[PDB]
Amino acid sequence: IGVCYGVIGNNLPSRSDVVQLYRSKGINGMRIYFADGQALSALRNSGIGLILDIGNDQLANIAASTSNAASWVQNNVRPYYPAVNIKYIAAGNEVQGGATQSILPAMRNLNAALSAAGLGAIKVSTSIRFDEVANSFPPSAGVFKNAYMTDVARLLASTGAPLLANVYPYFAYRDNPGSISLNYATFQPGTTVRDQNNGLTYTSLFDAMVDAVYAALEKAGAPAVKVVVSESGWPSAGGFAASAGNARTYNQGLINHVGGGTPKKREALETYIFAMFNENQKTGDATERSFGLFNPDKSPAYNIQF
């Protein structure tokens, strides 16, 4: 499985220390949020598959021209591939506003540049959050609420690239403690929901969520498009339901689950746990600083067998 690697803290390890920890624990996937040169160099011949986000601040620059995208590929990708196994490139992460207007042309522009560079194995996609999907209940009722997402699904369909989704049962649960049980949320026996539309049964909030993305994809006209869960995790402190036991239970649960897929698609699901270390400098809710599997000093936040 993979682990997202965030560096928004003032007390984290060196990139090479990081890569080493990964190889020790047997983690075979990494997501990085910008073209981090030190991470990339450290990653050479490490055998770790990678999701490379371009960085939202780069979206407009890349969307402008193919020469802009070629220059980015030349500096940030060409020097590391194929030694570094970059599997995907996320042209934007949870972009909002008029910026969404830039995601399709940046996606095209990168596809053209990778092509001419002779790097067509690398696939181009975009990272979204679940709040992109409406009428998620029953999961079969899922539909993309924004118009631009259909444009994207179609491009992914024709290019053979998957969709990267940030799925967090924690946020769903946190918002709706009354309607949602901790068991259902953390992969524990107890609850069963039946999708009337297709008759599938659901025992976990995770499955129900992923299958809602699949519902939406199909409606968009992109049935064969796969989903890569580009983020999923549970905080160990800073708010409601945040605790090591809950965080241990969710993540281990997650690791032991994804290999069986979901009721709509029983194939193993590619998933990235958020995140490797707690980022002591994040803003927003107190929980943001407590999503790590490890403590800044490389010590296990709680025990997880990968």
# chains A, B, ... in the order shown; residues from 1 in each chain; ligands from 1

$ residues_around --residues "stretch 293-305 of chain A" --least-positions-apart "4" --cutoff "9 Å" --atoms "only C-alpha atoms" --output "MDAnalysis selection string"
chainID A and resid 3 9 11:13 17:18 21 25 236 244:245 247:248 251:252 255 273:279

$ write_last_selection --atoms "N, CA and C atoms" --output "CSV table (one decimal), in the first residue's frame"
chain,number,residue,atom,x,y,z
A,3,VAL,N,1.7,5.5,1.1
A,3,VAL,CA,1.5,6.5,2.2
A,3,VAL,C,1.8,7.9,1.6
A,9,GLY,N,5.7,20.8,8.4
A,9,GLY,CA,6.1,20.7,9.8
A,9,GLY,C,7.5,21.2,9.9
A,11,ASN,N,9.8,19.8,12.0
A,11,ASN,CA,10.6,18.8,12.7
A,11,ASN,C,10.6,17.4,12.1
A,12,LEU,N,10.4,17.4,10.8
A,12,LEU,CA,10.4,16.1,10.1
A,12,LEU,C,11.8,15.6,9.6
A,13,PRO,N,12.0,14.3,9.3
A,13,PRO,CA,13.3,13.8,8.8
A,13,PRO,C,13.8,14.2,7.4
A,17,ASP,N,16.1,9.9,4.7
A,17,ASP,CA,15.8,9.2,5.9
A,17,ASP,C,14.4,8.6,5.7
A,18,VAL,N,13.5,9.5,5.0
A,18,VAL,CA,12.1,9.2,4.8
A,18,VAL,C,12.0,8.0,3.9
A,21,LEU,N,12.8,4.8,5.6
A,21,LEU,CA,11.8,4.3,6.5
A,21,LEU,C,10.8,3.6,5.7
A,25,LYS,N,9.7,-0.4,6.3
A,25,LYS,CA,8.3,-0.8,6.6
A,25,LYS,C,7.6,-1.6,5.5
A,236,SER,N,-5.3,11.1,15.1
A,236,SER,CA,-5.0,10.6,16.4
A,236,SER,C,-5.3,11.5,17.6
A,244,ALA,N,-5.7,7.4,19.1
A,244,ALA,CA,-4.8,6.4,18.5
A,244,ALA,C,-5.6,5.1,18.3
A,245,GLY,N,-6.5,4.7,19.2
A,245,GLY,CA,-7.2,3.5,19.0
A,245,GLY,C,-8.0,3.6,17.8
A,247,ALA,N,-7.6,5.8,15.2
A,247,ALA,CA,-6.7,5.9,14.1
A,247,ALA,C,-6.1,4.5,13.7
A,248,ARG,N,-5.7,3.7,14.7
A,248,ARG,CA,-5.1,2.4,14.5
A,248,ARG,C,-6.1,1.5,13.9
A,251,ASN,N,-7.0,2.7,10.0
A,251,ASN,CA,-5.8,2.4,9.0
A,251,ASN,C,-5.5,0.9,8.9
A,252,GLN,N,-5.3,0.2,10.0
A,252,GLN,CA,-5.1,-1.2,9.9
A,252,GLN,C,-6.2,-1.9,9.2
A,255,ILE,N,-5.9,-1.2,5.4
A,255,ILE,CA,-4.9,-2.0,4.9
A,255,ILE,C,-5.3,-3.4,4.6
A,273,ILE,N,-2.6,6.0,2.1
A,273,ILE,CA,-2.9,6.4,3.5
A,273,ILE,C,-2.3,7.8,3.7
A,274,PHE,N,-3.1,8.7,4.3
A,274,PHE,CA,-2.8,10.0,4.6
A,274,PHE,C,-2.6,10.1,6.2
A,275,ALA,N,-1.4,10.3,6.7
A,275,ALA,CA,-0.1,10.5,6.0
A,275,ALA,C,1.0,9.9,6.9
A,276,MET,N,2.3,9.9,6.3
A,276,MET,CA,3.4,9.4,7.0
A,276,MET,C,3.7,10.0,8.4
A,277,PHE,N,3.9,11.3,8.5
A,277,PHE,CA,4.1,12.0,9.8
A,277,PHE,C,3.1,13.1,10.0
A,278,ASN,N,3.0,13.5,11.3
A,278,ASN,CA,2.1,14.6,11.7
A,278,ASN,C,2.7,15.9,11.2
A,279,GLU,N,2.0,16.8,10.6
A,279,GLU,CA,2.5,18.0,10.1
A,279,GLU,C,2.1,19.2,11.0

$ residues_around --residues "residue A:105" --least-positions-apart "5" --cutoff "9 Å" --atoms "only C-alpha atoms" --output "ChimeraX atom specification"
/A:62-65,110

$ write_last_selection --atoms "N, CA and C atoms" --output "CSV table (one decimal), in the first residue's frame"
chain,number,residue,atom,x,y,z
A,62,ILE,N,0.8,25.9,-16.3
A,62,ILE,CA,0.7,24.7,-17.2
A,62,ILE,C,-0.5,24.8,-18.1
A,63,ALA,N,-1.6,25.3,-17.6
A,63,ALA,CA,-2.8,25.4,-18.5
A,63,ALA,C,-2.6,26.3,-19.7
A,64,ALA,N,-1.7,27.3,-19.6
A,64,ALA,CA,-1.4,28.3,-20.6
A,64,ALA,C,-0.9,27.8,-21.9
A,65,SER,N,0.1,26.9,-21.9
A,65,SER,CA,0.7,26.4,-23.1
A,65,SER,C,1.4,25.1,-22.9
A,110,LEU,N,-0.2,18.5,-20.5
A,110,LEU,CA,0.8,17.6,-19.9
A,110,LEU,C,0.8,16.3,-20.8

$ select_by_dssp --residues "stretch 116-297 of chain A" --states "strand (DSSP E or B)" --output "PyMOL selection string"
chain A and resi 123-129+133-134+143-144+163-166+193-194+201-202+227-232+271-273+277+294

$ atom_distance --atom1 "atom CA of residue A:201" --atom2 "atom CA of residue A:263"
7.2 Å
